[PDB]
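Read off the chains here:
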Amino acid sequence: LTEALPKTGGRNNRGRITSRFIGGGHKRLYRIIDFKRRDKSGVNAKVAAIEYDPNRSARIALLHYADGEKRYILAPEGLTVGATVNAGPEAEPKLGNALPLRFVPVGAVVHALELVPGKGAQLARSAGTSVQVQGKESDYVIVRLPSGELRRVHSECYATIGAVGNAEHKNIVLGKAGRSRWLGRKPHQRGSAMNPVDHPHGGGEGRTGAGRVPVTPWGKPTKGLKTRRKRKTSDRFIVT
Amino acid sequence: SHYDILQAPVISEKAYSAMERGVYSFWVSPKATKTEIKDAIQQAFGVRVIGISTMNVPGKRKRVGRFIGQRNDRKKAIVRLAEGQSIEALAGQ
RNA sequence: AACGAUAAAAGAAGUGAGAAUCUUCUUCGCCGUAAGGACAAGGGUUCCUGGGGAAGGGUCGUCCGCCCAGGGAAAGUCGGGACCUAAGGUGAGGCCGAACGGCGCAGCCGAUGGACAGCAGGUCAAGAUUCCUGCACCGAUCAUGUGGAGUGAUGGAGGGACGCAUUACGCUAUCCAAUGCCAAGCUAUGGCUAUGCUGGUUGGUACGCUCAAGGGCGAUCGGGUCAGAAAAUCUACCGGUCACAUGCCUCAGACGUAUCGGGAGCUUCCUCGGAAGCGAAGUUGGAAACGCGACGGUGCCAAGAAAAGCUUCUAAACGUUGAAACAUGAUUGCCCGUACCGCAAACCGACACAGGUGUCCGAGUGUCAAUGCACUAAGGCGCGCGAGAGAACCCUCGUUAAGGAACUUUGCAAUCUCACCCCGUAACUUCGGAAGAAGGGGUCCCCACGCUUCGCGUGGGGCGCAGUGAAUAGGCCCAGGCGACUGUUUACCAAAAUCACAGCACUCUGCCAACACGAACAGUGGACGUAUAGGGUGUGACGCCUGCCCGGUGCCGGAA
RNA sequence: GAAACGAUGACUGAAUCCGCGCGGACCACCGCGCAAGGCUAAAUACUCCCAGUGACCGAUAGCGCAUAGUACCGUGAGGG
RNA sequence: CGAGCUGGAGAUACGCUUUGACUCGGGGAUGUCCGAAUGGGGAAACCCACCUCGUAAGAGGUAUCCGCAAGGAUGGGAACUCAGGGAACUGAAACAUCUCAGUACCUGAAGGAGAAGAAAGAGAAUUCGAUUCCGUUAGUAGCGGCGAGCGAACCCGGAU
Ligand SMILES: [Mg+2]
Ligand SMILES: [Mg+2]
Ligand SMILES: [Mg+2]
Ligand SMILES: [Mg+2]
Ligand SMILES: [Mg+2]
Ligand SMILES: [Mg+2]
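1. A few points about the overall build of chain A
In terms of regular secondary structure, chain A is built from zero helices and 10 strands. Scanning chain A from its N terminus toward the C terminus, one meets helices and strands in the order β-β-β-β-β-β-β-β-β-β. Taking all 240 residues of chain A together, 36% fall into the buried category. Within the structure as shown, chain A displays about 15,400 Å² of accessible surface, and the carbon and sulfur contribution to it stands at 54%.

2. Observations concerning the overall build of chain B
A count of helical and extended segments in chain B gives two helices and four strands. Along chain B, helices and strands appear, N-terminal first, in the series β-α-β-α-β-β. Viewed in the frame of its principal axes, chain B has a C-alpha envelope of about 50 × 25 × 20 Å. Counting only residues that meet the buried cut, chain B has 27% of its 93 residues in that class. Put simply, 55% of the contacts in chain B that link residues at least 6 apart link residues at least 24 apart. Accessible surface, chain B as shown: approximately 6,800 Å² in total, 55% of it carbon and sulfur.

3. Things to note about unusual backbone geometry
Residues and elements named next belong to chain A. The phi angle at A124 is positive, at roughly 50°, despite the residue not being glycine. Along the chain, the position of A124 falls in the loop between strand 5 (109–111) and strand 6 (131–133). According to the relative accessible area criterion, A124 is buried, its value standing at 7%. With a phi close to 55°, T240 is a non-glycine residue in the positive phi region. Relative to the helices and strands, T240 is located in the segment after strand 10 (235–236). Judged by relative accessible area, which is 78%, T240 ranks as exposed.

4. Section: the sheet that holds strand 3 (residues 51–54) of chain B
Residues and elements named next belong to chain B. With antiparallel pairing, the four strands of this open sheet are ordered in space as 1-2-4-3. If you trace the sheet from one side to the other, it starts and ends with strand 1 (8–9) and strand 3, each paired once. As paired elements, strand 2 (residues 25–28) and strand 4 (residues 75–80) share four bridges and run antiparallel to each other. Bridge assignment links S25 to a residue of strand 4, and that residue is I78.

5. Notes on the environment of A112 of chain A
Of note, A112 of chain A is situated in the loop between strand 5 and strand 6. Dropping the residues within four chain positions of it, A112 of chain A is found in contact with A121, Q122, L123, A124 and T160 of chain A.

6. Things to note about the nonpolar core
Residue and element names in this part refer to chain A. By size, the foremost hydrophobic cluster in this structure holds 17 residues, and its most contacted members are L101, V104, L113, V131, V133, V143 and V153. Listed by contribution, the elements that provide at least two residues to this core are strand 6 and strand 7 (140–145). Looking at which element gives the most residues to this core, the answer is strand 7, with three residues. Those residues in contact with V131, other than ones at most four positions away along the chain, are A108, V109, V110, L113, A124, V143, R144, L145 and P146.

7. Structural notes on the packing of aromatic side chains
Residue and element names in this part refer to chain B. A full pass over the atoms with the stated rule returns one aromatic pair over all chains. Ring geometry for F26 versus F45: centroids 6.4 Å apart, planes at 35°, classification tilted. A residue pair is termed long-range when its members are at least 10 positions apart, and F26 in strand 2 and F45 in helix 2 (residues 34–45) qualify at 19 residues.

8. As for the sheet that holds strand 3 (residues 70–74) of chain A
In a beta sheet, neighbouring strands pair by backbone hydrogen bonds and run either parallel or antiparallel. All names here are of chain A. Strand order in this open sheet of four strands is 3-2-1-4, and the pairing throughout is antiparallel. Each end of this open sheet is capped by a strand with a single partner; those strands are strand 3 and strand 4 (84–86). Going from strand to strand, the sheet's axes swing by 40° on average, the running direction of each strand aside. Bridge analysis of strand 2 (residues 60–65) against strand 3 gives five bridges, and the strand direction is antiparallel.

9. Quick look at empty space enclosed by the protein
Residue and element names in this part refer to chain A. Applying the stated criterion to the full structure yields three cavities of 30 Å³ or more. Empty space within the largest cavity amounts to approximately 110 Å³. Lining of the largest cavity is provided by 13 residues; of these, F35, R37, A112, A121 and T160 occupy positions nearest its centre. By residue class, the composition of the lining of the largest cavity is eight nonpolar, one polar and four charged. Mapping the lining of the largest cavity onto the domain boundaries places at least three of its residues in each of domain 1 (1–86) and domain 2 (87–240). In this structure, the second largest cavity occupies an estimated 40 Å³ of space. Taken together, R37, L63, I73, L74, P76, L79, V85, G96, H111 and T160 make up the full set of residues lining the second largest cavity. For the lining of the second largest cavity, the residue count by class is six nonpolar, three polar and one charged. Composition of the lining of the second largest cavity by domain shows at least three residues from each of domain 1 (1–86) and domain 2 (87–240).

10. Re the layout of surface pockets
All names here are of chain A. Estimates place the volume of the largest pocket at around 320 Å³. Lining the largest pocket are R28, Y52, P54, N55, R56, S57, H169, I172, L174, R179, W182 and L183. For the lining of the largest pocket, the per-class residue count stands at six nonpolar, three polar and three charged. Lining the lining of the largest pocket are residues from two domains, each supplying at least three of them: domain 1 (1–86) and domain 2 (87–240).

The rules behind the values
Residues numbered from 1 in each chain as written, not as in the entry; some residues may be left out. Chains lettered and ligands numbered in written order. Part of a larger assembly, values for the part shown. Heavy atoms only, no water. Helix = DSSP H or I, 4+ residues; strand = E, 2+ residues; numbered from the N terminus. Buried < 20%, exposed > 50% of the residue type's maximum accessible area, 1.4 Å probe, protein only. Areas by Shrake-Rupley, 256 points an atom, 1.4 Å probe, with all protein chains shown as cover. Contact = heavy atoms within 4.5 Å. Pairing = 2+ DSSP bridges. Core = buried A, V, L, I, M, F, W, Y, C linked by side-chain atoms within 4.5 Å. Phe/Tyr/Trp six-rings, centres within 6.5 Å; stacked < 30°, edge-to-face > 60°. Axes fitted to C-alpha atoms, helices over the stretch in contact; angles between N-to-C directions. 1 Å grid on protein atoms, 1.4 Å probe; cavity = no way out; pocket = protein on both sides within 12 Å on 5 of 7 lines; lining within 4 Å. Points joined across faces, edges and corners; volume = space filled by probe spheres on them. Nonpolar A, V, L, I, M, F, W, Y, C, P; charged D, E, K, R; others polar. Domains from an automatic or database assignment.

As structure tokens, then:
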């Protein structure tokens with residue numbers, strides 16, 4: 001427990017509620033976690049400890065740089081306490097090392113990957129995830145994202161060797177209700193158990209099931225949502 | 001100056017039977033921070049003050065007339081000079 | 001018809017034009033985790049004194065929370081402000097907008113939280129950590145001495161910084177017992193005669209090689225450039241050195257001495273009942289916090305504010321003759337609140353309304369325990385109509401021959417059961433449970449004996465109809481529908497088979513994500529998250545499962 | 001609408017005297033006027049305030065008010 | 001201005017008035033606190049600062065926007081004026097055009113008045129000749145689910 005900014009609940013913006021549900025809590029805090037990890041490249045550090053922190057589902061490594069400063073950094077599946085972390089293109093592609101893709105061996109399974117030089121990590125970071133490399137092209141690398149997708153990425157971007165783990169939300173069965181309350185307000189409210197007024201799947205004497213749409217009028221099963229833009233060219237194989 | 005501010009002497013009996021012990025009390029003005037007042041008095045009766053104490057007071061009366069009343073608000077003040085007891089004679093009153 | 005809860009009232013005496021209804025006395029009865037006490041908020045003078053007697057007071061009223069007049073409220077340290085910050089509010093300069101205006105970093109406002117110097121008594125008719133009395137503490141400003149030198153920021157670091165459950169040890173507040181101590185007297189009804197009865201039986205401060213559980217702890221040297229924007233004699237990291245034990249540092253509290261106060265009562269005057277003066281003892285044994293020691297121990301996951309004060313550290317800086325710091329004196333101390341009601345005739349309910357209101361204190365005896373239940377201290381109160389009568393009927397209770405669900409839509413209602421020991425306890429079961437299953441027994445008093453003590457066991461004895469002897473105090477079982485479960489809901493006719501739920505499934509979403517609020521290529525929420533994530537929809541523990549029909553609509557893809 | 005001209009958000013984009021606009025699509029002829037700079041009395045409107053008047057009222061009328069936006073009701077806007 | 005005055009108040013006391021009070025006219029001086037409010041905070045009338053002038057008491061400045069600078073602006077006005085934005089009931093015996101309307105309401109700006117104004121005009125006479133207002137033309141021309149219904153201008157008279 002140490003050196004972290006305070007987090008405050010809030011499930012809606014300026015005026016009213018925006019992202020339904022979510023209201024419970026516990027008071028959790030925020031721990032600034034190094035993602036971009038460049039200003040520190042060129043300095044070795046050791047796993048002082050792996051603390052378990054919320055707002056993440058992902059162990060947290062408390063690294064210490066020769067500089068003297070500490071910096072929490074996601075903990076990949078494997079690092080024990082006391083090992084070594086080193087940033088900068090000059091780094092043995094091992095667990096915890098952060099080295100851009102250009103310098104990353106094909107078939108190498110890494111996470112914490114960015115999408116644009118800096119602004120921190122972005123892909124592969126949530127509890128146990130693995131984005132492996134496919135095979136450099138020109139300036140961009142082909143990689144496989146946890147959703148089974150293929151995106152070019154200019155190898156200019158660092159990455160962390162290895163895959164996160166923090167065990168696995170597989171046996172975590174949240175027991176009975178109220179565990180969800182240890183986190184977010186009573187989940188989903190069956191709009192089919194509301195009123196013609198309140199939502200599309202309202203009324204009906206008895207029990208319904210027609211039209212299939214979201215709280216508003218769109219459709220939820222198999223209706224595309226992404227639009228026509230840039231990244232679009234920079235992408236390969238959305239479906240599946 | 002000095003002679004200003006004070007508003008009148010607190011008659012009552014306690015006050016009076018409070019005088020017999022060299023504790024003089026009178027009605028100062030509502031706005032009249034405990035110091036100004038401490039000053040004024042000294043220089044109006046020539047004498048210092050070992051201690052002071054003051055607090056505000058509301059009013060709201062009438063006899064009749066659908067004219068209810070209205071506060072009148074005062075600020076009794078109570079002082080204590082140095083062993084050199086008494087003030088003028090407006091004490092032995 | 002009503003006079004607003006069925007907690008009762010009686011007599012005497014007094015006042016008065018007039019009193020059931022005011023005052024005094026003596027009794028009775030009701031509350032006592034309160035119907036006592038202290039605040040908050042809210043209300044304001046409702047407080048105290050003297051008058052009053054229209055109207056208000058469900059009745060009288062000579063009285064009142066009502067009317068009139070006067071009085072009352074006192075703080076360097078208690079709360080708040082001149083200090084801090086949270087949500088949120090606002091916001092120069094910025095981003096947006098038909099107008100009005102919408103957002104927004106720093107900054108600022110903003111407690112309900114942080115921080116911070118006093119205690120013990122006395123006492124006006126009415127105030128009190130505010131006034132007095134005793135002793136104390138804090139800051140500030142000056143003088144004197146000591147000192148002999150730096151002082152050290154709107155900046156860095158350290159720290160303030162913080163959960164839930166359970167738990168060891170010492171202690172106090174507080175409470176209990178006694179042929180302890182002090183004081184007052186009397187006792188008679190049959191007895192006691194005091195080893196009876198009643199009452200009191202220490203609070204503050206200062207010193208004491210006194211006792212004392214518990215609790216806290218690295219310092220130092222150096223290294224490195226890459227860390228704290230910078231600087232550092234600070235902080236972090238690296239390593240060296242001693243960090244077993246321990247050791248220190250600190251003492252909740254007790255004890256002794258001193259001293260200050262208080263102390264049952266005593267005495268005196270009396271204008272009728274206050275006023276004034278004085279004063280004893282302070283033991284041994286037992287219990288004991290939700291507090292104190294302390295930011296104690298263990299365990300647990302859903303993983304538990306910020307900011308200033310504070311501690312150290314430099315920048316800059318004036319200064320190293322006269323510094324910072326200590327002490328001893330002195331002077332100094334601002335504004336606002338402090339009366340009274342405050343679980344209630346003083347606040348919200350149109351009424352002095354059977355309701356509603358946050359926090360704290362909350363005695364004793366008995367009963368495993370207890371903030372339960374019964375009685376009762378302190379204290380508070382008998383509820384602002386009263387008296388008779390003793391019919392029908394209505395409400396709230398007690399008992400009821402014989403029968404025992406025959407009642408009836410339904411055993412609705414009302415009984416039975418009813419606590420704590422011991423013995424005993426089915427199907428079925430996710431092996432937890434079903435269980436307090438079901439059923440049976442005990443339970444008081446005396447004495448001896450032994451036990452771990454309050455208490456209890458063993459044996460004998462005793463009394464009643466009866467011994468959790470009075471109050472609190474499960475009726476039980478078989479079988480089926482629905483829903484798995486705890487939970488949630490129609491404030492004022494529906495609590496449920498409703499909703500939610502853990503679990504499952506489809507699908508959308510590549511991250512300025514899908515999606516949603518919005519005048520807006522602003523801002524923001526999703527998320528300071530990133531696909532084992534987030535959105536949407538349906539299903540709803542667990543178990544065995546879940547088929548056939550894509551003509552039609554939709555959704556995806558193809559696409560001449 | 002056959003519908004001109006004025007106007008403007010969006011794209012465009014001219015001339016200048018043997019020049020430019022219009023005279024209700026459109027053309028010629030005929031005709032009236034010169035746009036893309038500006039300031040300007042006066043007659044016009046209303047009525048908080050003032051005076052005068054009234055085949056206006058004279059107290060359930062007249063203003064809500066012989067005065068009060070008070071009492072009283074509402075958390076408030078507000079009503080009164 | 002000349003006997004009275006001492007406010008409504010109907011009261012008592014004290015008093016003031018020809019070196020003409022009082023009252024009426026007309027200029028000055030004072031004018032706490034809040035309020036655009038503007039030193040900073042603020043749940044209005046309260047709470048806290050600072051700099052300067054200084055006997056201290058006490059005085060004054062301390063807001064944002066335009067401008068060297070004077071100096072101007074922020075606020076408030078019953079209705080009237082223009083402008084930006086702009087309903088619905090209702091009619092049409094229903095209703096979507098259309099009507100009700102560009103009215104009601106919101107907002108901005110302004111004054112005592114505004115707005116408009118000195119012609120790339122209207123008109124058919126080769127006429128008038130800034131704007132505005134009243135009369136008339138006329139309910140004519142025309143607009144219109146050519147339905148409901150809406151409704152000009154020139155000329156001419158007059159204010160100026
Ligand atoms: Mg009776
Ligand atoms: Mg069945
Ligand atoms: Mg259920
Ligand atoms: Mg339930
Ligand atoms: Mg009459
Ligand atoms: Mg009036």
